[PDB]
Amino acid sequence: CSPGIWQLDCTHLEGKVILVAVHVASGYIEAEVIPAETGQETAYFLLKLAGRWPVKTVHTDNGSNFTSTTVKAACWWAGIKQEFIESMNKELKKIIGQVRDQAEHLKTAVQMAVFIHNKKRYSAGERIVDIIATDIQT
């Protein structure tokens, strides 16, 4: 079921930092292109995520940005436990590559690719709402 389990990752692309959240159960994606691979940025991301989804647990690496105290603060505040497969991340890279030339800015390509990924079919966008919904309703 794992409705509250997410995974957080940093990709580097075109000397920029894409931050990616995967809802493990559904395969659904959120991504944001951030100016620095900092704990501040990671934590502000996590807040946005948590205000939108029931997030119980976040899986991350030993990234200095993820072991940062700002992230810890966010987690404690919102009641997220932090723990210390990644095909949805690699697929995202692929799609970005595919659509990259369709848009000027990398950020636009990233969000295009997220949209493509979540909507493709059934879909991850549907699976997540279904999962979260069944968990509230039963």
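In this text, residue numbers run from 1 along the sequence as written.
J.: Report, from the record, the number of residues in the deposited sequence between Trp76 and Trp77 that have no coordinates, as none, 1 to 3, 4 to 9, or 10 or more.
T.: None; the chain is continuous from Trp76 to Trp77.
J.: Using none, 1 to 3, 4 to 9 or 10 or more, say how many deposited residues go missing between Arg121 and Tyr122.
T.: Gap size class: 4 to 9 residues without coordinates, per the record.
J.: Between 100-108 and 62-70, which has the larger average Cα B-factor in the PDB entry?
T.: Result of the comparison: 100-108.
J.: Out of 24-32 and 41-49, which one has CA B-factors that are higher on average in the deposited record?
T.: Looking at the recorded C-alpha B-factors, 24-32 comes out higher on average.
J.: Based on the entry's values, in what third of the chain does the Cα temperature factor of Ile5 lie: lowest, middle or highest?
T.: Tercile = lowest for this residue's CA B-factor.
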